[PDB]
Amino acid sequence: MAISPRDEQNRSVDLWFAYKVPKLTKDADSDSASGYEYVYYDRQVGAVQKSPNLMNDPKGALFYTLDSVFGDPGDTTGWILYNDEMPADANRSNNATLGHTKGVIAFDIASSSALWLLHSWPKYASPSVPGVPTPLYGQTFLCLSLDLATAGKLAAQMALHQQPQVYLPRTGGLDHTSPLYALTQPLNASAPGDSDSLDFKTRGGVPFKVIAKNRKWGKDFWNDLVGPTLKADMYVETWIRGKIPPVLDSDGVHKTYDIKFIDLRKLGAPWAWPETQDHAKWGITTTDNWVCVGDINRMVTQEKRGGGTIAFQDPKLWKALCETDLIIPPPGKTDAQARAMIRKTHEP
């Protein structure tokens, strides 16, 4: 009854991760993937595996987690929802200056418990309308078990840097002095620095960092902030960070050759797809097993808006994500030539 992430069988769990696949076409009558299939990971199952559920079913870690919050809240249960693209039932108009951060912070004062769900779905989530979010993209999800003090400290950072667009909150009787309450009130883009990083732990003791940029930041979020904060290089060499132009097949006909693919087949999830059909808001380091899941994608071109990423160390998840790389060269080209075309997208 304390607020907690829920796993695939509705059991309380300290942390979970999911990678949802995009909608993928088999033929005119059927999809290979609807876009709600996913792989699931937590440290109890100990492996990244294909889920038997669809994410929009009323089953699986996402539903069980959010239903445990919204379904029958206590007198001191509350929540903060935010999204730069709010769902249709939101209680405010859009503010285009706020951060491109999306998520849910839920809490219960009496039990001193909280959770944080990070996702990248536009128009999600709603506390009373099961909205149908888009199936078209690969996406990642991270859900963490928190104590109330950690949720408050996180909300204080977000009020300063990420500056999320908060909608339909429930305060559960919070003191107006609480940073959780302050996050529901108007924000001031005032901080003099351009970034911030904080250390936290889950209730289970798993260390993580929240690494944020604000509207002043104009450099490379990944190589100039995240990497240096982790004291490790981001593994970027096969990232798509811009557009590859159409590539010649033959006789002057140029086609999309994606070159870089994300491949989950080693995890029992029988799908591989272009990185351009992926939100690509995760990254790993080349050493020390850091996994980052967050608000900011891999494109060199970015807006001057707040946002951040969660970083934590996980050898098992790091290995699984490392092994999702798939490089397919265009016709007549080598692997080295394909890698050079990918790296060219890193040029501004």
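Residue positions are given as counts along the sequence shown, with the first one as 1.
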Avg C-alpha B-factor, entry values, 211-219 vs 273-281, higher side is 211-219
Comparing 65-73 with 296-304, the one whose average Cα B-factor in the PDB entry is higher: 65-73
Listed options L248, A106, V236, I259: highest C-alpha B factor recorded at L248
Deposited CA B-factor, highest of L230, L267, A110, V206: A110
Would you please rank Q337 by its C-alpha temperature factor against the other modelled residues of its chain and give the third it falls in: lowest, middle or highest? highest
Using the B-factor values recorded in the entry, state whether the Cα atom of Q49 falls in the lowest, middle or highest third among the modelled residues of its chain. highest
Where the record places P186 (Cα B-factor, split into thirds across the chain): highest
Quick check on the deposited entry: does the C-alpha B-factor of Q139 sit in the lowest, middle or highest third of its chain? lowest
Comparing against every modelled residue in the chain, figure out the third that the C-alpha B-factor of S145 lands in (lowest, middle or highest). middle
